[PDB]
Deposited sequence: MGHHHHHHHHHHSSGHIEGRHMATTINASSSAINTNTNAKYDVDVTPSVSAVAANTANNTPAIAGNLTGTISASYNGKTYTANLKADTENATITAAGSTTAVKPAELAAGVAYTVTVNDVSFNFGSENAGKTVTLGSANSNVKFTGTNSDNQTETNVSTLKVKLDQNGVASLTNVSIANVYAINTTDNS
């Protein structure tokens, strides 16, 4: 360690997490809104697709003011939504067992909730230092992405 750092986070992270979400607004003569997407991570020049606990009700959309889940069916154009994906994990493989890594995103709107390498819960943080398990898996309580807009088509 030879590098001056007055911030809590290491240089500013070695795993770039990239959620790609597509929100489609409902129509007012009715077209049901939809929301779909995946989560990708870069690590040691490789891309990895995130694994989820469930294929159903594995994420929650919220408008501001309210913790109340918004039906994908009744998304509105022009409203800032936050998407909170639960029980996210990455399988970085057995060759990466036991490595300590920092998760971050080049997207400011992305936050993480999970257990860090010092075994503390952190909520809605821009970076999380985790220890990969004996199989090279990183587990997260959730990943949030803010300022998702449903597009009118």
Pop the missing stretches of the deposited sequence into a list, counting residues from 1 and keeping sequence order. 1 to 22, 34 to 39, 57 to 60, 186 to 189
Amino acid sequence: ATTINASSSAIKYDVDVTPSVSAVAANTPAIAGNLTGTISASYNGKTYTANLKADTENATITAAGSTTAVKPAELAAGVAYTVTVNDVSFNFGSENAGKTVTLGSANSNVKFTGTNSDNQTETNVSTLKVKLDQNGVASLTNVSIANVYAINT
From here on, numbers count along this sequence of modelled residues.
50 to 58 set against 106 to 114, stretch whose average Cα temperature factor tops the other in the entry: 50 to 58
On mean Cα temperature factor in this entry, is 60 to 68 or 83 to 91 the higher one? 60 to 68
Compare the CA B factors listed in the entry for 38, 121, 28, 126 and report the winner. 28
Going by the recorded CA B-factors, say which third of the chain residue 139 sits in, lowest, middle or highest. middle
Relative to the other modelled residues in the chain, which third contains the C-alpha temperature factor of residue 148: lowest, middle or highest? lowest
Ranking the modelled residues of this chain by C-alpha B-factor as given in the entry, is residue 17 in the lowest, middle or highest third? middle
With respect to C-alpha B-factor, does residue 24 fall in the lowest, middle or highest third of the chain as deposited? middle
